[PDB]
file work_8.pdb (PDB, N, CA and C atoms)
ATOM      1  N   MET V   1      94.781  71.178  93.629
ATOM      2  CA  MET V   1      93.318  71.175  93.853
ATOM      3  C   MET V   1      92.678  69.929  93.260
ATOM      4  N   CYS V   2      92.372  68.979  94.124
ATOM      5  CA  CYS V   2      91.650  67.786  93.729
ATOM      6  C   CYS V   2      90.154  67.972  93.923
ATOM      7  N   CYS V   3      89.393  67.594  92.913
ATOM      8  CA  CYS V   3      87.947  67.727  92.943
ATOM      9  C   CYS V   3      87.253  66.372  93.042
ATOM     10  N   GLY V   4      87.946  65.370  93.572
ATOM     11  CA  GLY V   4      87.340  64.067  93.711
ATOM     12  C   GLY V   4      88.343  62.962  93.947
ATOM     13  N   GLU V   5      88.377  62.457  95.171
ATOM     14  CA  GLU V   5      89.253  61.353  95.525
ATOM     15  C   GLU V   5      88.777  60.061  94.868
ATOM     16  N   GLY V   6      89.726  59.271  94.393
ATOM     17  CA  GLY V   6      89.403  58.017  93.746
ATOM     18  C   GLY V   6      88.760  58.236  92.398
ATOM     19  N   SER V   7      88.890  59.449  91.894
ATOM     20  CA  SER V   7      88.250  59.838  90.661
ATOM     21  C   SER V   7      89.259  60.434  89.679
ATOM     22  N   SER V   8      88.940  60.365  88.395
ATOM     23  CA  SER V   8      89.825  60.864  87.350
ATOM     24  C   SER V   8      89.158  62.013  86.593
ATOM     25  N   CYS V   9      88.475  62.860  87.336
ATOM     26  CA  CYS V   9      87.734  63.973  86.770
ATOM     27  C   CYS V   9      88.446  65.315  86.935
ATOM     28  N   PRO V  10      89.047  65.856  85.886
ATOM     29  CA  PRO V  10      89.479  67.229  85.909
ATOM     30  C   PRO V  10      88.412  68.165  85.376
ATOM     31  N   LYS V  11      88.381  69.359  85.912
ATOM     32  CA  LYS V  11      87.404  70.338  85.499
ATOM     33  C   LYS V  11      88.081  71.412  84.677
ATOM     34  N   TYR V  12      87.452  71.802  83.587
ATOM     35  CA  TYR V  12      87.975  72.868  82.761
ATOM     36  C   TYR V  12      86.977  73.998  82.658
ATOM     37  N   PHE V  13      87.496  75.202  82.659
ATOM     38  CA  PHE V  13      86.700  76.384  82.442
ATOM     39  C   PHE V  13      87.041  76.911  81.068
ATOM     40  N   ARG V  14      86.106  76.762  80.141
ATOM     41  CA  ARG V  14      86.351  77.040  78.730
ATOM     42  C   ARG V  14      87.356  76.034  78.170
ATOM     43  N   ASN V  15      88.630  76.267  78.447
ATOM     44  CA  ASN V  15      89.706  75.376  78.025
ATOM     45  C   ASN V  15      90.827  75.387  79.051
ATOM     46  N   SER V  16      90.522  75.878  80.238
ATOM     47  CA  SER V  16      91.524  76.016  81.280
ATOM     48  C   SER V  16      91.235  75.040  82.408
ATOM     49  N   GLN V  17      92.158  74.122  82.661
ATOM     50  CA  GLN V  17      91.978  73.169  83.744
ATOM     51  C   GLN V  17      91.980  73.908  85.073
ATOM     52  N   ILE V  18      90.868  73.840  85.777
ATOM     53  CA  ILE V  18      90.719  74.548  87.036
ATOM     54  C   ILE V  18      90.944  73.624  88.220
ATOM     55  N   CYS V  19      90.916  72.327  87.959
ATOM     56  CA  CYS V  19      91.258  71.340  88.963
ATOM     57  C   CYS V  19      91.303  69.960  88.339
ATOM     58  N   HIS V  20      91.788  69.013  89.108
ATOM     59  CA  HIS V  20      91.836  67.626  88.700
ATOM     60  C   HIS V  20      91.296  66.796  89.835
ATOM     61  N   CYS V  21      90.972  65.562  89.572
ATOM     62  CA  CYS V  21      90.481  64.695  90.624
ATOM     63  C   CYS V  21      91.615  63.841  91.162
ATOM     64  N   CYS V  22      91.543  63.540  92.446
ATOM     65  CA  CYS V  22      92.589  62.807  93.132
ATOM     66  C   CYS V  22      92.333  61.316  93.041
TER      67      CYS V  22
END
call {"tool": "encode", "arguments": {"input": "work_8.pdb", "output": "structure tokens"}}
result
Amino acid sequence: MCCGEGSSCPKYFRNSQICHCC
């Protein structure tokens, strides 16, 4: 699950990575 192409943004919920950026 990528949340952003050309981006280095992973999303965390509390402390759980819910996605990363592509």
call {"tool": "atom_distance", "arguments": {"input": "work_8.pdb", "atom1": "atom N of residue 7 in chain V", "atom2": "atom C of residue 19 in chain V"}}
result
11.4 Å
call {"tool": "resolve_selection", "arguments": {"input": "work_8.pdb", "expression": "the PyMOL selection byres (((chain V and resi 9 and name CA) around 6) and name CA)", "output": "list in words"}}
result
residues 7, 8, 10, 20 and 21 of chain V
call {"tool": "select_by_dssp", "arguments": {"input": "work_8.pdb", "residues": "chain V", "states": "strand (DSSP E or B)", "output": "MDAnalysis selection string"}}
result
chainID V and resid 2 11:13 16:20
call {"tool": "atom_distance", "arguments": {"input": "work_8.pdb", "atom1": "CA of residue 2 in chain V", "atom2": "atom N of residue 22 in chain V"}}
result
4.4 Å
call {"tool": "atom_distance", "arguments": {"input": "work_8.pdb", "atom1": "CA of residue 5 in chain V", "atom2": "atom C of residue 18 in chain V"}}
result
14.4 Å
call {"tool": "build_atoms", "arguments": {"input": "work_8.pdb", "residues": "chain V", "atoms": "N, CA, C and O atoms", "output": "PDB file, in the coordinates of the input"}}
result
ATOM      1  N   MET V   1      94.781  71.178  93.629  1.00  0.00           N
ATOM      2  CA  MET V   1      93.318  71.175  93.853  1.00  0.00           C
ATOM      3  C   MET V   1      92.678  69.929  93.260  1.00  0.00           C
ATOM      4  O   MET V   1      92.495  69.822  92.043  1.00  0.00           O
ATOM      5  N   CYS V   2      92.372  68.979  94.124  1.00  0.00           N
ATOM      6  CA  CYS V   2      91.650  67.786  93.729  1.00  0.00           C
ATOM      7  C   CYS V   2      90.154  67.972  93.923  1.00  0.00           C
ATOM      8  O   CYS V   2      89.708  68.462  94.957  1.00  0.00           O
ATOM      9  N   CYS V   3      89.393  67.594  92.913  1.00  0.00           N
ATOM     10  CA  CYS V   3      87.947  67.727  92.943  1.00  0.00           C
ATOM     11  C   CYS V   3      87.253  66.372  93.042  1.00  0.00           C
ATOM     12  O   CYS V   3      86.093  66.233  92.643  1.00  0.00           O
ATOM     13  N   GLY V   4      87.946  65.370  93.572  1.00  0.00           N
ATOM     14  CA  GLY V   4      87.340  64.067  93.711  1.00  0.00           C
ATOM     15  C   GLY V   4      88.343  62.962  93.947  1.00  0.00           C
ATOM     16  O   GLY V   4      89.080  62.578  93.040  1.00  0.00           O
ATOM     17  N   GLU V   5      88.377  62.457  95.171  1.00  0.00           N
ATOM     18  CA  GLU V   5      89.253  61.353  95.525  1.00  0.00           C
ATOM     19  C   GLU V   5      88.777  60.061  94.868  1.00  0.00           C
ATOM     20  O   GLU V   5      87.574  59.805  94.768  1.00  0.00           O
ATOM     21  N   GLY V   6      89.726  59.271  94.393  1.00  0.00           N
ATOM     22  CA  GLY V   6      89.403  58.017  93.746  1.00  0.00           C
ATOM     23  C   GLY V   6      88.760  58.236  92.398  1.00  0.00           C
ATOM     24  O   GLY V   6      88.158  57.327  91.824  1.00  0.00           O
ATOM     25  N   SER V   7      88.890  59.449  91.894  1.00  0.00           N
ATOM     26  CA  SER V   7      88.250  59.838  90.661  1.00  0.00           C
ATOM     27  C   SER V   7      89.259  60.434  89.679  1.00  0.00           C
ATOM     28  O   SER V   7      90.302  60.943  90.080  1.00  0.00           O
ATOM     29  N   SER V   8      88.940  60.365  88.395  1.00  0.00           N
ATOM     30  CA  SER V   8      89.825  60.864  87.350  1.00  0.00           C
ATOM     31  C   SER V   8      89.158  62.013  86.593  1.00  0.00           C
ATOM     32  O   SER V   8      89.259  62.121  85.370  1.00  0.00           O
ATOM     33  N   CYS V   9      88.475  62.860  87.336  1.00  0.00           N
ATOM     34  CA  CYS V   9      87.734  63.973  86.770  1.00  0.00           C
ATOM     35  C   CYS V   9      88.446  65.315  86.935  1.00  0.00           C
ATOM     36  O   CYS V   9      88.453  65.896  88.011  1.00  0.00           O
ATOM     37  N   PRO V  10      89.047  65.856  85.886  1.00  0.00           N
ATOM     38  CA  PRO V  10      89.479  67.229  85.909  1.00  0.00           C
ATOM     39  C   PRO V  10      88.412  68.165  85.376  1.00  0.00           C
ATOM     40  O   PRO V  10      87.628  67.804  84.495  1.00  0.00           O
ATOM     41  N   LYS V  11      88.381  69.359  85.912  1.00  0.00           N
ATOM     42  CA  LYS V  11      87.404  70.338  85.499  1.00  0.00           C
ATOM     43  C   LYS V  11      88.081  71.412  84.677  1.00  0.00           C
ATOM     44  O   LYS V  11      89.174  71.863  85.018  1.00  0.00           O
ATOM     45  N   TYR V  12      87.452  71.802  83.587  1.00  0.00           N
ATOM     46  CA  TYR V  12      87.975  72.868  82.761  1.00  0.00           C
ATOM     47  C   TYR V  12      86.977  73.998  82.658  1.00  0.00           C
ATOM     48  O   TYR V  12      85.769  73.775  82.589  1.00  0.00           O
ATOM     49  N   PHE V  13      87.496  75.202  82.659  1.00  0.00           N
ATOM     50  CA  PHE V  13      86.700  76.384  82.442  1.00  0.00           C
ATOM     51  C   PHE V  13      87.041  76.911  81.068  1.00  0.00           C
ATOM     52  O   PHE V  13      88.147  77.412  80.854  1.00  0.00           O
ATOM     53  N   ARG V  14      86.106  76.762  80.141  1.00  0.00           N
ATOM     54  CA  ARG V  14      86.351  77.040  78.730  1.00  0.00           C
ATOM     55  C   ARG V  14      87.356  76.034  78.170  1.00  0.00           C
ATOM     56  O   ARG V  14      86.974  75.053  77.538  1.00  0.00           O
ATOM     57  N   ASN V  15      88.630  76.267  78.447  1.00  0.00           N
ATOM     58  CA  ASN V  15      89.706  75.376  78.025  1.00  0.00           C
ATOM     59  C   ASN V  15      90.827  75.387  79.051  1.00  0.00           C
ATOM     60  O   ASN V  15      91.948  74.959  78.773  1.00  0.00           O
ATOM     61  N   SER V  16      90.522  75.878  80.238  1.00  0.00           N
ATOM     62  CA  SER V  16      91.524  76.016  81.280  1.00  0.00           C
ATOM     63  C   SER V  16      91.235  75.040  82.408  1.00  0.00           C
ATOM     64  O   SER V  16      90.172  75.104  83.024  1.00  0.00           O
ATOM     65  N   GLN V  17      92.158  74.122  82.661  1.00  0.00           N
ATOM     66  CA  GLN V  17      91.978  73.169  83.744  1.00  0.00           C
ATOM     67  C   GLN V  17      91.980  73.908  85.073  1.00  0.00           C
ATOM     68  O   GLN V  17      92.971  74.541  85.442  1.00  0.00           O
ATOM     69  N   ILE V  18      90.868  73.840  85.777  1.00  0.00           N
ATOM     70  CA  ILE V  18      90.719  74.548  87.036  1.00  0.00           C
ATOM     71  C   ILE V  18      90.944  73.624  88.220  1.00  0.00           C
ATOM     72  O   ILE V  18      91.152  74.080  89.344  1.00  0.00           O
ATOM     73  N   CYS V  19      90.916  72.327  87.959  1.00  0.00           N
ATOM     74  CA  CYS V  19      91.258  71.340  88.963  1.00  0.00           C
ATOM     75  C   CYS V  19      91.303  69.960  88.339  1.00  0.00           C
ATOM     76  O   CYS V  19      90.901  69.768  87.191  1.00  0.00           O
ATOM     77  N   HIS V  20      91.788  69.013  89.108  1.00  0.00           N
ATOM     78  CA  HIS V  20      91.836  67.626  88.700  1.00  0.00           C
ATOM     79  C   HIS V  20      91.296  66.796  89.835  1.00  0.00           C
ATOM     80  O   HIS V  20      91.185  67.283  90.952  1.00  0.00           O
ATOM     81  N   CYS V  21      90.972  65.562  89.572  1.00  0.00           N
ATOM     82  CA  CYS V  21      90.481  64.695  90.624  1.00  0.00           C
ATOM     83  C   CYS V  21      91.615  63.841  91.162  1.00  0.00           C
ATOM     84  O   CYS V  21      92.545  63.486  90.434  1.00  0.00           O
ATOM     85  N   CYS V  22      91.543  63.540  92.446  1.00  0.00           N
ATOM     86  CA  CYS V  22      92.589  62.807  93.132  1.00  0.00           C
ATOM     87  C   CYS V  22      92.333  61.316  93.041  1.00  0.00           C
ATOM     88  O   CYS V  22      92.002  60.666  94.030  1.00  0.00           O
TER      89      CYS V  22
END
